[PDB]
Structures are given as structure tokens and as C-alpha cells.
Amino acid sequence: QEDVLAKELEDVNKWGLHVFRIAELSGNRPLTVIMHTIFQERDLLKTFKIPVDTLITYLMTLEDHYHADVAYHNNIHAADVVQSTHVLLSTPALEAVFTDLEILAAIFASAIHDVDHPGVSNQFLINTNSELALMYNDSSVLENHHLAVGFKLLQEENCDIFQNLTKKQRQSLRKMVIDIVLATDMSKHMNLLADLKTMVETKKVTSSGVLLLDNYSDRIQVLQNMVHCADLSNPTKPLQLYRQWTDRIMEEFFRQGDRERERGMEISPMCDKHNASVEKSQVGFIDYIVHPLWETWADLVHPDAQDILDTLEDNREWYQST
């Protein structure tokens, strides 16, 4: 069984890795084994003097604080975003653009970006006067919490994977990780996309042909949009993968809508299981959210992302046809 898993982990650089098989083959440890593979592949353990045992211990503790009883925002989603961010970082147009520390931040941010998600939305947590909304004053409630949990777990026994970074390395990475995860709040999508559009229109490229990023503001904005693309990458994946993600988000949405109805509240869009239109909503989401973003990303790394954008367009057509 370990040999099959190791075979499937050979695809870690490929879009459309079969993350669900890896979850099964790893005994519900997709986040740990994919993170470990990626760190090996990028030589991050040697670069940052990360002890192997510390890495596994942190990864397992972090994976544990994703909820196995949440159908979408679980450890499989986290592994998927890590792996998708890992592939997006390897695109030719970005070669040698980001430092080792920035690659570490983006991968680490992807791994913690939804930890301890309870499977309800920010707006539900606000409307139900939840403790989380109360702690974070109704602003990026989930996103602030994922960051606080992800960083806090570094303090558990033999969990500080950043113990051999310099103080300035830690401080720079923490800030970058915060900037990235806070940008995954969907209420920020439009401002993030508008900013990425502006950057593509004024895009500058080096003599080697690679994207030129002058300053923190441009670098962090590309890393924020990269992780945001990886977060919204389900509809760019091969259809058998995309369909399982759709099934899982609808289970989680529907269960929020039951809670909402049980409490007298109006049902949030896509959460009413007596008035759903699964296929229509996927097309709506692609047309108004996912495709505008992925088309803008494709222009930034043109033509590196043309197969991913083509798969998205085919998957949109297929859902439309139904």
C-alpha cells in the first residue's frame, strides 16, 4: 500500500494529481504526505534546517485541526490547495522570481489557510452572533482564525518547523503568511481581481522573459492571487475531480441551510436543498467568479496556463450542457 501511495506521489508536480486517492492511500493524511513530498521536492528541509521529525509532527497536528466531519473545508481541500499552489509556483514565467522564504510562505499559508473551518460561512457566523464573530469584530472572521490556529500549533511540542530561521526570516514570513491568508476572504475577491487586472495591463517582463516584481506590494499581490487561484481551482481540474468537489461543497452548503432554516433565518444562496440548482450555480460561479480570475491569471503567465484555462472552459461547457 505504501508503494502505491509513493507511486501516486510522483505526480505532485502535475495539475490534477489525484488528491482523493492519496487521501485514501495515506490513511486520511493527504495534507501531511503531500506537504512532506513538496518540502522534499523543493529541498526546503535542508534550506531551512527543518528537522524531519519536527515537520511530520507539525503537519500531523495541523491536519488534526481540520474537521473530518466537514464535507468540503477539510484536510483534503488543504492538501489540494498546497499542491495547486505548488504547481502554480513552478510556472516558467515565475522562474527565480520568488525567494526560498516566499515559496515557504505561500506553501505554508496554503496548508493552514482553512484550518479549523467549522463548515459555515463568515456571514452565518456573524448572523448567529457566534463567538468567532465576536472575537474578530465581524471582519474576516474565519480567515483570522485559520491564521491564529495555524501559528499557535507551531508552539506545541516538537512542532516549531521555523526554529532555525533567523529572527528577520520569521518576521518576514509571518507577515507574508498573514497577508496571504487574509486575502482568501471571498469578500475581497473583487478588489483582488481588480488589482491583478491592473498589474497585467502594466505587466513588465525581464530580458529572460520572466515576470518582473519590483517591490513587496507587487510580489505579495501575486502570491495572494496565486493562493486565491489555488483556492478556486476546483473547476479547472479534470472533471472527475471537479465533480467530487461540487458534491462536497453542496453537502456543506445544504447543511448550513438546514441550520439556517431550523433557526428562522433566510437561507443563504445555494444552501436551500429544496430549491437548489447545482449545475446552474456552478456555471454562474465559473462565469462571474472563477473564469474572470483564471483568465486574468493566464494573462499574467501567458501562455503557461493555457491548458488549465482550456480545462476550465470545457468543464463550464459540460455543466452548462446538463
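Heads up, when I say rigid core I mean the largest set of C-alphas that superpose within 1.5 Å between the two forms. In case it trips you up, residue 1 is the first one in the sequence shown, and so on.
Engineer: Using RMS Cα distance over all structures and residues, flag whichever of 203-211 and 138-146 lies farther from this form in 8 other deposited structures of this protein after a core fit.
Structural biologist: Per-stretch check in 8 other deposited structures of this protein: the more divergent one is 203-211.
Engineer: Which of the two stretches, 126-134 or 231-239, shows the higher mean Cα temperature factor in the record?
Structural biologist: Here the higher of the two C-alpha B-factor means belongs to 126-134.
Engineer: If you average the CA temperature factors over each stretch, which comes out higher, 270-278 or 49-57?
Structural biologist: For C-alpha atoms only, the mean B-factor is higher in 270-278.
Engineer: Go through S217, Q244, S121, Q169 one by one and give the residue whose Cα B-factor in the PDB entry is largest.
Structural biologist: Highest C-alpha B-factor among the listed options: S217.
Engineer: Among the choices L173, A79, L213, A183, identify the one whose CA B-factor in the record is greatest.
Structural biologist: When the deposited C-alpha B-factors of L173, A79, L213, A183 are compared, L213 is largest.
Engineer: Based on the deposited C-alpha B factors for this chain, I'd like to know if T202 is in the lowest, middle or highest third.
Structural biologist: Highest third - that is where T202 ends up once the chain's C-alpha B-factors are sorted.
Engineer: Split into thirds by Cα B-factor across the chain's modelled residues, where does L309 land: lowest, middle or highest?
Structural biologist: Middle third, going by the recorded CA B-factors of the chain.
Engineer: Please place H36 in the lowest, middle or highest third of its chain according to the CA B-factor in the PDB entry.
Structural biologist: Tercile = lowest for this residue's CA B-factor.
Engineer: Relative to the other modelled residues in the chain, which third contains the C-alpha temperature factor of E95: lowest, middle or highest?
Structural biologist: Top third by C-alpha B-factor.
Engineer: Sorting the chain's modelled residues by C-alpha B-factor, tell me whether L192 ends up in the lowest, middle or highest third.
Structural biologist: CA B-factor rank for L192: middle third.
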